[PDB]
């Protein structure tokens, strides 16, 4: 059979491949997610077409309209069979689509300069000289805004009250603000992104662990007949080392893409 796969550009999950000759179809794209679906399709014997989500969104719920956008909407409107991207499995998305077994685990962590005694979020919340922020309007900021845990409330109050603003318009802007800050600024974001950055900037490091836990998985329309088949392939690819090879390839070897 032939499936439509929706995805979104995000380094190094799905990137446009550089080429002197113009590329078409699936060859336009490369990255971890591109390789992952290639391997899944080999096991299960389907063909597929990768299509970027036309609206450029992951999928959020309009809470007063009930409508989804992004890759989620493509699934629910029968324009994609699978969504394969750095798409976070959340209780909310699980109420509208199904998710496979995760292919990657991650969590909020801290990007900072190497070689200081700052070892944890707790070390940042106990001090006031170092400023710290996050992407404006993103899920990292929401983790802090929404928390009822005293530690993270104190941090959110500090972040919201800092001037100039500690929130950035992009993750890259936060990375650069750390890199040029001489320790005056730390940036909270996904641990997988931090690893991507620290593989490419020897002066930076992750600080502490993962303050939350979450995963990326493939999304399907509810009751898709392909979900359990993909779950088994994902576990098999994992247990033989194929996903480990793909992670190293894209985070450590392809210094870009």
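Numbering follows the first chain given and starts at 1.
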Problem - Of 193-201 and 23-31, the one with larger mean CA B-factor - result: 193-201
Exercise for the section: Pick between 61-69 and 40-48: the one whose mean CA B-factor in the entry is higher. Expected result: 61-69
Completion exercise
The largest CA temperature factor among 225, 56, 221, 217 is found at 225
Problem - Out of 147, 171, 128, 100, residue topping the C-alpha B-factor column of the entry - result: 128
Practice task
Compare the C-alpha B factor of residue 133 with those of the other modelled residues in its chain, then answer lowest, middle or highest third.
Solution key: lowest
Practice task
Name the third of the chain's ranked CA B-factors that contains residue 143, choosing lowest, middle or highest.
Solution key: lowest
Problem - For residue 157, the third of its chain into which the C-alpha B factor falls - result: lowest
Problem - B-factor third for the C-alpha atom of residue 246 within its chain - result: lowest
Fill in the blank from the handout: Assert third(CA B-factor, residue 92) within chain per record equals highest
